[PDB]
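Scroll down for the structure; my scribbles are underneath it.
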Amino acid sequence: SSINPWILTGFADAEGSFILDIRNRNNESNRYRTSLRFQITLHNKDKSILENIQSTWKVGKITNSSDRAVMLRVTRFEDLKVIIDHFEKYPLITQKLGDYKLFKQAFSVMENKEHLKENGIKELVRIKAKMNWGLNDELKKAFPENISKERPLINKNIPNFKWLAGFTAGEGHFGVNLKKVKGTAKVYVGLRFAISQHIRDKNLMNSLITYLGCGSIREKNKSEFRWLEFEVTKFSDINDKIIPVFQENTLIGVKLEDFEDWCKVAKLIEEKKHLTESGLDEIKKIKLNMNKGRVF
DNA sequence: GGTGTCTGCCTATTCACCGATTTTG
DNA sequence: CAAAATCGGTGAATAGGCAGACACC
Ligand SMILES: [Ca+2]
Ligand SMILES: [Ca+2]
């Protein structure tokens, strides 16, 4: 019930969020309410993860995000110390670290209770401007000053495989590809491991090829949006390098079940039963019940 | 009677996921 | 030939967010 600290950090870099909110109290101008919060949104299927986090930090409350999503939110200021203490001993790796540093800075402003002053609000506004989506339209109208939006870029290395397990449990992918040969009935099995991330962490993505000794970064795109995908398709790399890593460092959530099914198919290929008409039908049945196909 | 804490509810997109074709040893 | 590399997607679980009730200093 108490997830490993480095697995938790890796998952946080994938799903976590450090939020600084600045709003008007009772729709009154020149009177701003400021508050900090940490939150992680997951599908209802992985609500157990959020509860495991809730047992590790002993803070936060889980509520419904939507009809298919729950979210763990830490809104108590005193409880935010638990979050800060954690990420000081197990630091973030992605560009979210920059958000955390800005998050901690706002914490100090609020801890000194300077957020109840004019100059304190002006400081938090400048902090929020570099956090996440930055200042909204209404906030930008209230503070038309040329505030710096940019932040110092984060360039860190993977601390350990325990972090990687948490990060992969969040953004990894274990897929089975049935390359159906056209003009025939024969189908070949290819295993597919993937880790997707925005282009803003390109440096960290490229390090995956070295840290795992395999795979290649694929620059993918949708409309005008772009991201990267670390992909391993060679069975030797998957069976000898990829799989043993996540056998050592266990995954969390429903994706663990996909990995277990993923290894079950790997064993069949390892025994060359994937070429068997019987073994392929078995693979076809396993594939149908993993990932998006999994309904139970 | 102000501020902090909590929750219902929302939107844009960064993901996870997908089948298939072409290249290579 | 079978595997590996490569292509070309896209629905949605995300990653942040908006607004206000209200317990409490
Ligand atoms: Ca992410
Ligand atoms: Ca995820």
Side-chain angles (χ1 to χ4, degrees), chain A residues 12-25 27-28 31-46 60 62-71 73-77 79-80 94 96 99 110 113 115-116 128 131-134 136 139 168-179 181 183-184 187-201 214-216 218 220 222-225 227-233 235-238 253-255 258 269 274-275 287 290-294:
Chain A
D13 263 318
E15 320 290 358
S17 296
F18 298 88
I19 308 305
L20 168 58
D21 271 323
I22 302 180
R23 295 184 44 81
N24 292 15
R25 177 75 68 175
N27 203 341
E28 302 179 11
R31 185 185 179 187
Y32 294 94
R33 180 206 314 180
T34 51
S35 59
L36 293 167
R37 70 174 58 182
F38 176 82
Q39 69 182 34
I40 301 179
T41 302
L42 293 178
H43 190 281
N44 296 339
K45 66 179 68 176
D46 287 319
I62 300 180
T63 52
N64 288 9
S65 174
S66 68
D67 289 326
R68 293 198 295 180
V70 291
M71 58 187 310
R73 290 181 283 190
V74 184
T75 54
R76 182 167 297 272
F77 188 84
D79 287 17
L80 295 178
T94 63
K96 191 177 301 299
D99 294 286
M110 295 179 60
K113 303 308 160 189
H115 67 284
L116 299 178
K128 183 179 178 56
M131 296 184 63
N132 305 315
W133 293 113
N136 61 85
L139 206 160
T168 303
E171 295 174 6
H173 174 64
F174 309 97
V176 182
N177 182 185
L178 304 176
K179 289 106 69 175
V181 171
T184 34
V187 174
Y188 301 115
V189 180
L191 289 182
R192 183 156 53 186
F193 173 72
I195 295 181
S196 301
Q197 258 290 344
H198 190 257
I199 201 179
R200 72 173 191 172
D201 272 287
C214 58
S216 56
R218 303 219 174 276
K220 309 203 67 172
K222 180 177 181 179
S223 186
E224 71 272 8
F225 300 94
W227 69 96
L228 300 180
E229 173 178 314
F230 171 73
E231 187 188 32
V232 182
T233 55
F235 184 83
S236 63
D237 295 320
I238 276 180
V254 63
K255 193 173 297 300
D258 290 322
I269 303 179
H274 63 297
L275 303 171
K287 170 180 170 59
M290 58 189 302
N291 296 322
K292 186 183 293 183
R294 189 178 307 274

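Reminder, nothing fancy here: chain letters follow the sequence lines and each chain counts from 1. Side chains are part of it too, since the values below use all heavy atoms of this structure and drop only hydrogens, waters and symmetry mates.
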Discussion item. Once you look at the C1'-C2'-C3'-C4' sign, would you call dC7(C) north or south?
Written reply: south
Worksheet item: How many Å lie between CG on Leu139(A) and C1' on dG16(C), as a whole number?
Response: 15 Å
Item to complete: Can you tell me the distance, in whole Å, between the NZ atom of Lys179(A) and the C1' atom of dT24(B)?
Response: 13 Å
Worksheet entry | Presence of donor-acceptor pair under 3.5 Å, side chain of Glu171(A) and base of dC17(B) | no
Response to the item:
Whole-Å distance, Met71(A) CE to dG17(C) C1', equals 9 Å
Discussion item. Using the side chain to side chain donor-acceptor pair (under 3.5 Å) criterion, which residues pair with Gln39(A)? Sequence neighbours excluded.
Written reply: none
Fill in: Geometric cation-pi criterion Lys113(A) and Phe77(A), 6.0 Å radius, 45° cone
yes
Worksheet item: Given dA3(C), is OP1 or OP2 found less than 4.0 Å from the side-chain N or O atoms of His274(A)?
Response: yes
Worksheet item: Rounded to whole angstroms, how far apart are CH2 on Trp227(A) and P on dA16(B)?
Response: 11 Å
Worksheet, complete the sentence: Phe77(A) CZ to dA23(C) P, in whole Å, measures 23 Å
Worksheet, complete the sentence: Shortest non-hydrogen pair, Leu80(A) vs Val74(A), comes out as CD2-O, 3.5 Å
Worksheet item: So which nucleotide from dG16(C), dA15(C), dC15(B) ends up closest to the side chain of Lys222(A)?
Response: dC15(B)
